[PDB]
Each structure stands twice: as C-alpha cells, then as structure tokens.
Protein chains: 2
Amino acid sequence: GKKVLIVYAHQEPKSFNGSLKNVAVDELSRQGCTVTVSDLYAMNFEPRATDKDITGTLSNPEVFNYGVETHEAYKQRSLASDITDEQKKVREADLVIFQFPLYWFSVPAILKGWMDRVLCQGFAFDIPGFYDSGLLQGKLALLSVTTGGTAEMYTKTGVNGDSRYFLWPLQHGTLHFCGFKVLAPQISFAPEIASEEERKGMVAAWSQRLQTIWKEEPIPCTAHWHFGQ
Amino acid sequence: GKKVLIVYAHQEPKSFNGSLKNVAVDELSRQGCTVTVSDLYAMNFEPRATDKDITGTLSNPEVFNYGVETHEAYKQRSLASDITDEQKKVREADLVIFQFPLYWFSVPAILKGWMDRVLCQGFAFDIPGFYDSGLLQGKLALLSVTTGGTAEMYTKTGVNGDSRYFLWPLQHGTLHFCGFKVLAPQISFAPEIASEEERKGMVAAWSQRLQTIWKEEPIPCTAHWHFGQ
Ligand SMILES: Cc1cc2nc3c(=O)[nH]c(=O)nc-3n(C[C@H](O)[C@H](O)[C@H](O)COP(=O)(O)OP(=O)(O)OC[C@H]3O[C@@H](n4cnc5c(N)ncnc54)[C@H](O)[C@@H]3O)c2cc1C
Ligand SMILES: Cc1cc2nc3c(=O)[nH]c(=O)nc-3n(C[C@H](O)[C@H](O)[C@H](O)COP(=O)(O)OP(=O)(O)OC[C@H]3O[C@@H](n4cnc5c(N)ncnc54)[C@H](O)[C@@H]3O)c2cc1C
Ligand SMILES: COc1ccc2c(c1)C(=O)C(c1ccc(N)cc1)=[N+]2[O-]
Ligand SMILES: COc1ccc2c(c1)C(=O)C(c1ccc(N)cc1)=[N+]2[O-]
Ligand SMILES: [Zn+2]
Ligand SMILES: [Zn+2]
C-alpha cells in the first residue's frame, strides 16, 4: 500500500488549486492509496515561529532561540500539538504533495509557516543528518504549483528566468535537506489567462500523471539540474 | 534628507539579528535619517492572506480570489489597517532594509506574510505594470540575512550552493519585480558557531557599511548576477 499527505494552501475550494487538490485525492483514492489533506487555511494553521510552540521549561529562558528550543521540545515531547499533528502525518506518508499558488516566487506564507514549524531539528533533520542523510530519507515529495506568469515568462531568456530557478529553496534547501527524494514539479502555468479547455487540460494532465506516479524516478536535486552549465 | 524602514523578523531582542537591527537604527539615526522599524513578531503581524484583509463587501463574495480582492480593495481604500499602515511606511521610505535569520533558504513565514499582504497589486506593481514598470521605482532595498550554515557551505561547490542562488526569489522575484533597486546583500554567516569577538566583528562590519550606504550602487539584479560566473 501507499500513503500520501497533500499539504494544500488555497483559501477558495472552487479555485484551480482546489480542483488540482481534489483530482489528486480522487485519483490516489481510486488507486487504493491512503490519503490525508492538511488544508492550511481551513485549519487556520499558525505560520509564526514563536515561543508558544514550546510548552515546557525553556533550555535558555533569558535568550530565546527558536531552533534550539524546538529541537529540545521535539526530543522532550513538549512541542505544541498542532506541530506534532503535522509531524505524524509526514512520518506516515510515503509521498508528500504540496499544492499551492506561487506567491512571490515561493510558497504562500501559511505554507512557509508549515515548513518552518513542522520540519524541526530532531524530526526532519539533525546536524549532522541532512541532505542524503536527512531524517525523512525514503520519502518522496512533489511540488504542484500554479502561477500568474506564463510558461514563456518562466524561461532562461524570459523576464522571470527559468521556473527551475525559483524551485531551489523549496526542492533543495528544504525538501532535499530533510532527506526527501524530489519528484519532478507539476507546474500549471497561468490558469487565469487560460481558456476553459486549456484549464480542463491542465487538470487532466495532473490526474493522468498521478496514474503512474509510483513508477517515477526522482530528479537529481542538484545545482546543475536547477541552473545548468 | 533620507527615510529608512527596517522590516525586522526575530523573536528575541537580545539576538544577533536584534543587535544588527539596533546598530542599523543607531547608525542611520546618527546620520540624521528618519528611521522606522516594523518589528513583526512584537506586532504579532498577521502572515496569512485571507478575506479578513478586505474591510466591507467583496468584489466577488461567491468565489474568493485574494489577488483580485486586494487589488480592488487597495483602489477603493478598503484594505485592513495593518496592511495600509505598512504601505504608508514603505511609500515614505527611500530605503527598506529587511533584517532576518534565513529560514529554509528564505524569509521566516511572518516576513513572507508581510511581503504577500503588503506588496499588493495597485500598490507595489500592476498586471501589467511590473519590473521596470513596478510601482516602487526610485526606492532601494537591502536584505540583511544571518545563517546557520557557514560561508564555506554557501559556495558554488558547497552543499548549499552559492548564497546568491537563494536570493533570486527575494531580490528578483519580489523586490526587483516591485521596482526596487537592490543593494548588495549583507550576509552574516553562522553567528551561533562564531566566538564572542567574531560576532562583535560582524555587527561592527554592518555598522561600518551603513556609514556609506547612500553612496552605493545597486547590483545588476539579473539571472547572470545570481547564477553566472
Ligand atoms: C500575494 C501573491 C503573490 C503572487 N506572486 C506570484 C509570483 O511570484 N509569480 C507568479 O507567476 N504569480 C504570482 N501570483 C499569482 C498566483 O500565483 C496566481 O494567481 C495563482 O497561481 C492562480 O491559481 P488559482 O488557483 O488562485 O487560480 P483561480 O483564479 O482559482 O483559477 C483560474 C480559473 O480556473 C477556473 N477553474 C477552477 N477549477 C477548474 C476546473 N476544474 N476546470 C477548469 N477551470 C477551473 C476558475 O473558476 C477560474 O476561472 C501571486 C499572487 C498573489 C495573491
Ligand atoms: C525554522 C528554521 C529554519 C532555518 N533554515 C535555515 C536554512 O535554510 N539555512 C541556514 O543556513 N540556516 C537556517 N536556519 C538557522 C538560522 O538561520 C540561524 O539560527 C540564525 O540565522 C541565527 O541568527 P540569530 O540571530 O537567531 O542568532 P543568535 O542565537 O541570537 O546569536 C548567537 C549569539 O549571539 C549573541 N549576541 C547577540 N548580540 C550580540 C552582539 N552584539 N555581539 C556579540 N554576540 C551577540 C547571542 O547572545 C547568542 O549567544 C534555520 C533556523 C530555523 C529556526
Ligand atoms: C505578487 O506578485 C504577482 C502577483 C500576481 C501576479 C504576478 C505576480 C504575475 O506575474 C501575474 C500575471 C498574470 C497575468 C499575466 N498576463 C502576467 C502575469 N499575476 O497575476
Ligand atoms: C533548517 O535548516 C537549518 C537549520 C539550522 C541550521 C542549518 C540549517 C545548518 O546548516 C546549521 C549548522 C549548524 C552547525 C554547523 N557546524 C553547520 C551548520 N544550523 O544550525
Ligand atoms: Zn537538492
Ligand atoms: Zn532582478
């Protein structure tokens, strides 16, 4: 069997992102996978990294260091329950799909907060214990992104540069760092500009890709893959 | 005269980031600049992009589109006061310094939320009306970042790649997109590993640089600057 967590970041159920998340649930459910969705806006997910994330006696209450305190809280089981609830979903998953609209060449802040707070030291990585030695080794991750900009804008000679350039902090700096193997991104370009048929086509391309997702190999998550030369 | 806004994202006043923000206030105040600080954690700044960002009635209450709603709310003066308070600070500033610890090769979510919610359509850019036609042309921006990783890790052949690789979404996709001219980043590597004297040196280098900040030329914010030789 296979277990999938979809971390979804869109405010509107009727959105293009909503449709891509729903087709993923529908297709992976049809295959017999175990599927969980973390709908961050509906959960009112807390994005801020604060001292409210630790319940116990702080390691250094005089000078608050978020990374030190969360690492110690993870080991002591004194983290806030909203974080540990997400960590259980990630621990059980074989594949984590992130479904989101691109905001400033990155994830919306609510989803950035999920990465900041859930992927803590001791859970997702250790120093040492990162990149190929990351604690989430054996798991797959996939970014399914939608954009305002067209595919042409997202080219080497386009005004936004190649789309792989903006993937570096997410695929490499975050997911590969935690040990994930990264599947090729799904980028659904400019659905707002797209015709009704073109939008339908992008939703079906995603559903069709998911039919054979378990046969895919991960990308080589390197600087050469992202930037060339 | 010169006006500066510092957007600061650290939970702890006694932190290394706190010291870099304080020396920036001290030095720019000494020069006679007008200085404002947005201390996002102390403000409990809201990072989530939600329908609470629009006061009164929505353009389309049946299907919520954040970008459409905020663009229309900006034009109709119906944005939440926390957003318009930041927009006034940015509008008045000649230079915007962002002071933050690197979180997942990017800004902490609270600061990502400031970028998502404050730099709205009609205020910072329009569609079309971006990059050289962005609405913050004439302003300068500067990223002052601290890291966990050493300078050696942030090299082309280092495990994290060149530090310029992670700057692309922030400097190009966000700041340049809105029309800012981007000053060279200030990167304070691994202060937690550094000695007491080493950290004092990093703080002093930032204060010293600020003495001549108004004489600096911006970087060429291009793909070649970020990814080339
Ligand atoms: C703060 C902010 C920052 C941004 N920064 C960037 C950036 O850096 N770069 C960039 O390129 N873009 C950026 N954008 C734009 C953003 O990425 C796009 O608006 C977003 O990706 C569009 O996806 P969506 O789901 O919201 O589209 P929607 O507006 O929800 O979808 C478009 C259309 O598809 C229709 N649709 C829904 N479901 C289906 C279906 N099943 N079949 C057919 N049609 C369907 C909808 O009804 C609608 O008409 C930014 C936006 C914001 C708000
Ligand atoms: C969610 C998360 C994600 C992260 N992702 C990344 C990543 O992608 N890449 C990466 O490289 N790092 C990453 N980090 C690490 C993070 O960037 C560093 O921990 C941070 O930059 C350290 O800066 P600081 O201000 O918090 O240091 P502090 O711990 O506050 O500073 C270290 C010391 O400086 C002392 N000090 C304060 N002021 C002075 C002064 N004036 N003179 C001398 N000493 C002084 C303090 O007392 C303290 O002992 C991440 C951390 C977290 C929590
Ligand atoms: C905040 O940054 C952004 C917001 C919305 C955006 C973008 C950046 C785009 O680049 C884009 C966009 C939409 C249509 C065409 N023709 C081009 C770009 N939208 O919507
Ligand atoms: C979330 O990603 C991160 C968090 C903290 C980090 C890093 C990444 C490092 O790479 C690092 C780090 C710590 C000690 C030595 N010797 C090197 C790097 N810290 O602290
Ligand atoms: Zn990688
Ligand atoms: Zn640029």
# chains A, B, ... in the order shown; residues from 1 in each chain; ligands from 1
>>> interface_residues(of="chain A", to="chain B", cutoff="6 Å", atoms="only C-alpha atoms", output="list in words")
residues 12, 48, 64, 104, 105, 109, 110, 112, 113, 166, 169, 173 and 174 of chain A
>>> write_last_selection(atoms="N, CA and C atoms", output="PDB file, in the first residue's frame")
ATOM      1  N   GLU A  12      -9.749  29.222  -1.348  1.00  0.00           N
ATOM      2  CA  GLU A  12     -11.012  29.013  -2.052  1.00  0.00           C
ATOM      3  C   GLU A  12     -11.223  27.589  -2.590  1.00  0.00           C
ATOM      4  N   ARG A  48       3.461  31.536  12.385  1.00  0.00           N
ATOM      5  CA  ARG A  48       4.545  32.216  13.087  1.00  0.00           C
ATOM      6  C   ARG A  48       5.328  31.271  13.974  1.00  0.00           C
ATOM      7  N   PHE A  64      15.813  33.724  23.831  1.00  0.00           N
ATOM      8  CA  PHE A  64      15.002  32.749  23.098  1.00  0.00           C
ATOM      9  C   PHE A  64      15.574  32.462  21.723  1.00  0.00           C
ATOM     10  N   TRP A 104       5.154  35.317  -4.754  1.00  0.00           N
ATOM     11  CA  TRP A 104       6.491  35.887  -4.711  1.00  0.00           C
ATOM     12  C   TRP A 104       7.594  34.838  -4.939  1.00  0.00           C
ATOM     13  N   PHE A 105       7.442  34.063  -6.032  1.00  0.00           N
ATOM     14  CA  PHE A 105       8.438  33.055  -6.435  1.00  0.00           C
ATOM     15  C   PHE A 105       8.634  31.996  -5.345  1.00  0.00           C
ATOM     16  N   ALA A 109       2.781  32.424   2.609  1.00  0.00           N
ATOM     17  CA  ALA A 109       3.284  32.406   3.988  1.00  0.00           C
ATOM     18  C   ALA A 109       2.681  31.339   4.887  1.00  0.00           C
ATOM     19  N   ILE A 110       1.370  31.005   4.723  1.00  0.00           N
ATOM     20  CA  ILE A 110       0.804  29.989   5.610  1.00  0.00           C
ATOM     21  C   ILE A 110       1.540  28.650   5.418  1.00  0.00           C
ATOM     22  N   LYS A 112       4.716  28.484   4.101  1.00  0.00           N
ATOM     23  CA  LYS A 112       6.086  28.670   4.584  1.00  0.00           C
ATOM     24  C   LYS A 112       6.111  28.380   6.099  1.00  0.00           C
ATOM     25  N   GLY A 113       5.062  28.786   6.831  1.00  0.00           N
ATOM     26  CA  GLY A 113       4.997  28.548   8.277  1.00  0.00           C
ATOM     27  C   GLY A 113       4.915  27.063   8.607  1.00  0.00           C
ATOM     28  N   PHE A 166      13.395  29.284  -9.297  1.00  0.00           N
ATOM     29  CA  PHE A 166      12.685  29.575  -8.034  1.00  0.00           C
ATOM     30  C   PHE A 166      12.450  28.306  -7.207  1.00  0.00           C
ATOM     31  N   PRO A 169      15.095  26.971  -3.379  1.00  0.00           N
ATOM     32  CA  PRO A 169      14.938  26.991  -1.920  1.00  0.00           C
ATOM     33  C   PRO A 169      14.016  25.909  -1.385  1.00  0.00           C
ATOM     34  N   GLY A 173      16.860  23.427  -0.731  1.00  0.00           N
ATOM     35  CA  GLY A 173      17.136  23.966   0.590  1.00  0.00           C
ATOM     36  C   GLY A 173      16.237  23.401   1.671  1.00  0.00           C
ATOM     37  N   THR A 174      15.026  22.913   1.288  1.00  0.00           N
ATOM     38  CA  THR A 174      14.080  22.398   2.278  1.00  0.00           C
ATOM     39  C   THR A 174      13.885  20.901   2.140  1.00  0.00           C
TER      40      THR A 174
END
>>> select_by_dssp(residues="chain B", states="helix (DSSP H, G or I)", output="ChimeraX atom specification")
/B:16-30,51-53,66-75,81-92,109-118,131-133,163-176,196-211,213-215,223-227
>>> write_last_selection(atoms="C-alpha atoms", output="short mmCIF file (atom, residue, chain, number, x, y, z; two decimals), in the first residue's frame")
data_model
loop_
_atom_site.label_atom_id
_atom_site.label_comp_id
_atom_site.auth_asym_id
_atom_site.auth_seq_id
_atom_site.Cartn_x
_atom_site.Cartn_y
_atom_site.Cartn_z
CA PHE B 16 22.30 38.57 16.86
CA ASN B 17 19.52 39.80 14.47
CA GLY B 18 18.35 42.16 17.23
CA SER B 19 21.88 43.54 17.52
CA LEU B 20 22.13 44.04 13.72
CA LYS B 21 18.76 45.88 13.69
CA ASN B 22 19.81 48.03 16.70
CA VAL B 23 23.13 49.05 15.14
CA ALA B 24 21.30 49.97 11.92
CA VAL B 25 18.89 52.18 13.92
CA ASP B 26 21.87 53.67 15.85
CA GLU B 27 23.95 54.42 12.74
CA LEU B 28 21.16 55.69 10.47
CA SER B 29 19.75 57.79 13.39
CA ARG B 30 23.29 59.22 13.97
CA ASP B 51 -10.58 37.56 3.34
CA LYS B 52 -10.04 39.44 6.65
CA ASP B 53 -7.62 41.66 4.65
CA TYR B 66 -7.07 37.06 -2.96
CA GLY B 67 -5.18 38.96 -5.67
CA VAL B 68 -8.38 40.36 -7.25
CA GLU B 69 -9.91 41.31 -3.91
CA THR B 70 -6.82 43.04 -2.53
CA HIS B 71 -6.16 44.87 -5.82
CA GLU B 72 -9.75 46.21 -5.78
CA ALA B 73 -9.60 46.94 -2.00
CA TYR B 74 -6.37 48.92 -2.49
CA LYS B 75 -8.00 51.08 -5.21
CA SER B 81 -5.39 48.83 8.60
CA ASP B 82 -2.39 46.59 9.44
CA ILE B 83 -1.63 46.39 5.68
CA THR B 84 -2.19 50.09 4.92
CA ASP B 85 -0.04 51.06 7.94
CA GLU B 86 2.86 49.10 6.37
CA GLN B 87 2.17 50.53 2.91
CA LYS B 88 2.44 54.08 4.32
CA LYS B 89 5.85 53.21 5.84
CA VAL B 90 7.08 51.75 2.50
CA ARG B 91 5.64 54.70 0.47
CA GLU B 92 7.60 57.17 2.68
CA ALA B 109 6.95 32.99 7.41
CA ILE B 110 5.99 36.13 9.38
CA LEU B 111 8.12 38.19 6.94
CA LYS B 112 6.91 36.17 3.92
CA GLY B 113 3.37 37.23 5.06
CA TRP B 114 4.46 40.88 5.14
CA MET B 115 5.63 40.52 1.52
CA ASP B 116 2.43 38.66 0.48
CA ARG B 117 -0.03 41.07 2.09
CA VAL B 118 1.74 44.47 1.93
CA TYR B 131 9.79 45.02 -13.03
CA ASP B 132 10.78 48.36 -14.66
CA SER B 133 7.07 49.42 -14.59
CA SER B 163 24.22 32.17 -1.31
CA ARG B 164 23.22 34.13 -4.48
CA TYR B 165 21.10 31.12 -5.58
CA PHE B 166 18.63 31.52 -2.67
CA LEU B 167 18.45 35.30 -3.12
CA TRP B 168 16.70 35.03 -6.51
CA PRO B 169 13.03 34.78 -5.29
CA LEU B 170 13.57 37.66 -2.84
CA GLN B 171 15.80 40.05 -4.76
CA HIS B 172 14.45 39.38 -8.25
CA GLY B 173 11.03 37.81 -7.95
CA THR B 174 9.91 40.22 -5.20
CA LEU B 175 11.99 43.38 -4.80
CA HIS B 176 13.08 43.96 -8.41
CA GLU B 196 32.04 36.49 21.19
CA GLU B 197 34.71 38.69 19.43
CA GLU B 198 33.78 37.25 15.94
CA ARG B 199 30.08 38.21 16.41
CA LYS B 200 31.16 41.71 17.61
CA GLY B 201 33.17 41.98 14.34
CA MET B 202 30.13 41.07 12.18
CA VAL B 203 27.99 43.70 13.94
CA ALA B 204 30.75 46.34 13.52
CA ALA B 205 31.13 45.48 9.73
CA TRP B 206 27.38 46.14 9.25
CA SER B 207 27.54 49.48 11.21
CA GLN B 208 30.65 50.47 9.15
CA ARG B 209 28.92 49.59 5.83
CA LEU B 210 25.88 51.68 6.83
CA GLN B 211 28.12 54.75 7.18
CA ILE B 213 25.15 53.12 2.33
CA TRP B 214 23.86 56.21 0.43
CA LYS B 215 26.91 56.09 -1.90
CA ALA B 223 19.99 35.90 -13.70
CA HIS B 224 23.70 36.35 -14.59
CA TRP B 225 24.43 38.08 -11.27
CA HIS B 226 22.66 35.31 -9.32
CA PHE B 227 23.74 32.22 -11.28
#
>>> select_by_dssp(residues="region 1-226 of chain A", states="strand (DSSP E)", output="PyMOL selection string")
chain A and resi 3-8+34-39+95-101+140-146+181-182+186-188
>>> write_last_selection(atoms="N, CA, C and O atoms", output="CSV table (one decimal), in the first residue's frame")
chain,number,residue,atom,x,y,z
A,3,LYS,N,0.9,5.6,1.2
A,3,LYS,CA,0.2,6.7,2.0
A,3,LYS,C,0.7,8.0,1.5
A,3,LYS,O,1.9,8.3,1.2
A,4,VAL,N,-0.3,9.0,1.2
A,4,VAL,CA,0.0,10.3,0.7
A,4,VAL,C,-0.6,11.3,1.6
A,4,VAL,O,-1.7,11.2,2.1
A,5,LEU,N,0.3,12.4,1.8
A,5,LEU,CA,-0.2,13.6,2.5
A,5,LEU,C,-0.2,14.7,1.5
A,5,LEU,O,0.9,14.9,0.8
A,6,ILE,N,-1.3,15.4,1.4
A,6,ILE,CA,-1.3,16.6,0.5
A,6,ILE,C,-1.4,17.8,1.4
A,6,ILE,O,-2.3,17.9,2.2
A,7,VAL,N,-0.4,18.7,1.3
A,7,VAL,CA,-0.4,19.9,2.1
A,7,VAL,C,-0.9,21.0,1.2
A,7,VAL,O,-0.2,21.3,0.2
A,8,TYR,N,-2.1,21.5,1.4
A,8,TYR,CA,-2.8,22.4,0.5
A,8,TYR,C,-2.9,23.8,1.0
A,8,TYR,O,-3.4,24.0,2.2
A,34,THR,N,-3.8,5.5,0.8
A,34,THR,CA,-4.3,6.1,2.0
A,34,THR,C,-4.0,7.6,1.8
A,34,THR,O,-2.9,8.0,1.4
A,35,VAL,N,-5.0,8.5,1.9
A,35,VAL,CA,-4.8,9.9,1.5
A,35,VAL,C,-5.3,10.8,2.7
A,35,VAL,O,-6.4,10.6,3.3
A,36,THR,N,-4.4,11.8,3.1
A,36,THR,CA,-4.7,12.8,4.1
A,36,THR,C,-4.4,14.1,3.5
A,36,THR,O,-3.4,14.3,2.8
A,37,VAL,N,-5.3,15.1,3.8
A,37,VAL,CA,-5.1,16.5,3.3
A,37,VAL,C,-4.9,17.4,4.5
A,37,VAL,O,-5.8,17.4,5.4
A,38,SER,N,-3.9,18.3,4.5
A,38,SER,CA,-3.8,19.3,5.5
A,38,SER,C,-4.2,20.6,4.8
A,38,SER,O,-3.4,21.2,4.0
A,39,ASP,N,-5.5,21.1,5.0
A,39,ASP,CA,-6.0,22.3,4.3
A,39,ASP,C,-5.6,23.4,5.2
A,39,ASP,O,-6.4,23.8,6.1
A,95,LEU,N,4.6,9.7,0.3
A,95,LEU,CA,4.7,10.9,-0.6
A,95,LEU,C,4.0,12.1,0.0
A,95,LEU,O,2.9,11.9,0.5
A,96,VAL,N,4.6,13.2,-0.1
A,96,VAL,CA,4.1,14.5,0.4
A,96,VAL,C,3.9,15.4,-0.8
A,96,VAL,O,5.0,15.6,-1.5
A,97,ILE,N,2.7,15.7,-1.2
A,97,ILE,CA,2.5,16.6,-2.3
A,97,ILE,C,2.1,18.0,-1.7
A,97,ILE,O,1.3,18.0,-0.8
A,98,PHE,N,2.7,19.1,-2.2
A,98,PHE,CA,2.4,20.4,-1.8
A,98,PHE,C,1.6,21.0,-2.9
A,98,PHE,O,2.1,21.1,-4.0
A,99,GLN,N,0.4,21.5,-2.6
A,99,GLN,CA,-0.4,22.1,-3.7
A,99,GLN,C,-0.6,23.6,-3.3
A,99,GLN,O,-1.2,23.9,-2.3
A,100,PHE,N,-0.1,24.5,-4.2
A,100,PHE,CA,-0.2,25.9,-3.8
A,100,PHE,C,0.0,26.8,-5.0
A,100,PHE,O,0.7,26.4,-6.0
A,101,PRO,N,-0.6,28.0,-4.9
A,101,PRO,CA,-0.3,29.1,-5.9
A,101,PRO,C,1.1,29.7,-5.6
A,101,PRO,O,1.4,29.9,-4.4
A,140,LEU,N,9.1,10.6,-0.5
A,140,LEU,CA,9.1,11.4,-1.8
A,140,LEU,C,8.3,12.6,-1.5
A,140,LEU,O,7.4,12.7,-0.7
A,141,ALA,N,8.7,13.7,-2.2
A,141,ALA,CA,8.0,15.0,-2.1
A,141,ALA,C,7.8,15.5,-3.6
A,141,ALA,O,8.6,15.2,-4.5
A,142,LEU,N,6.7,16.3,-3.8
A,142,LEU,CA,6.4,16.8,-5.1
A,142,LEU,C,5.7,18.1,-4.9
A,142,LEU,O,4.8,18.2,-4.1
A,143,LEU,N,6.2,19.2,-5.6
A,143,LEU,CA,5.6,20.5,-5.6
A,143,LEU,C,4.6,20.6,-6.8
A,143,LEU,O,5.0,20.4,-7.9
A,144,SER,N,3.3,20.9,-6.5
A,144,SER,CA,2.4,21.1,-7.6
A,144,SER,C,2.0,22.6,-7.4
A,144,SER,O,1.3,23.0,-6.5
A,145,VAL,N,2.5,23.4,-8.3
A,145,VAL,CA,2.4,24.9,-8.3
A,145,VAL,C,1.6,25.4,-9.4
A,145,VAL,O,1.6,24.9,-10.5
A,146,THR,N,0.9,26.5,-9.1
A,146,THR,CA,0.1,27.3,-10.2
A,146,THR,C,0.7,28.7,-10.2
A,146,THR,O,1.3,29.1,-9.2
A,181,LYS,N,13.4,12.5,-1.5
A,181,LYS,CA,13.8,12.4,-2.9
A,181,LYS,C,12.6,13.2,-3.5
A,181,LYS,O,11.5,13.2,-3.0
A,182,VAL,N,13.0,14.1,-4.5
A,182,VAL,CA,12.1,15.0,-5.0
A,182,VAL,C,11.6,14.6,-6.4
A,182,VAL,O,12.4,14.4,-7.3
A,186,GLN,N,5.1,19.7,-10.7
A,186,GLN,CA,4.0,19.9,-11.6
A,186,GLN,C,3.7,21.4,-11.6
A,186,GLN,O,3.4,21.9,-10.6
A,187,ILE,N,3.9,22.0,-12.8
A,187,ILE,CA,3.7,23.5,-12.8
A,187,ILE,C,2.5,23.7,-13.8
A,187,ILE,O,2.7,23.4,-15.0
A,188,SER,N,1.5,24.3,-13.3
A,188,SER,CA,0.3,24.6,-14.1
A,188,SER,C,0.3,26.1,-14.3
A,188,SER,O,0.0,26.9,-13.4
>>> atom_distance(atom1="atom 38 (N, counted along the ligand's line) of ligand 1", atom2="CA of residue 122 (chain B)")
25.7 Å
>>> atom_distance(atom1="atom 10 (O, counted along the ligand's line) of ligand 4", atom2="CA of residue 221 (chain A)")
17.2 Å
>>> atom_distance(atom1="CA of residue 184 (chain A)", atom2="atom 11 (O, counted along the ligand's line) of ligand 1")
18.5 Å
>>> closest_residue(among="B:178, B:80, B:102, B:93", to="ligand 1", atoms="only C-alpha atoms and all ligand atoms")
B:178
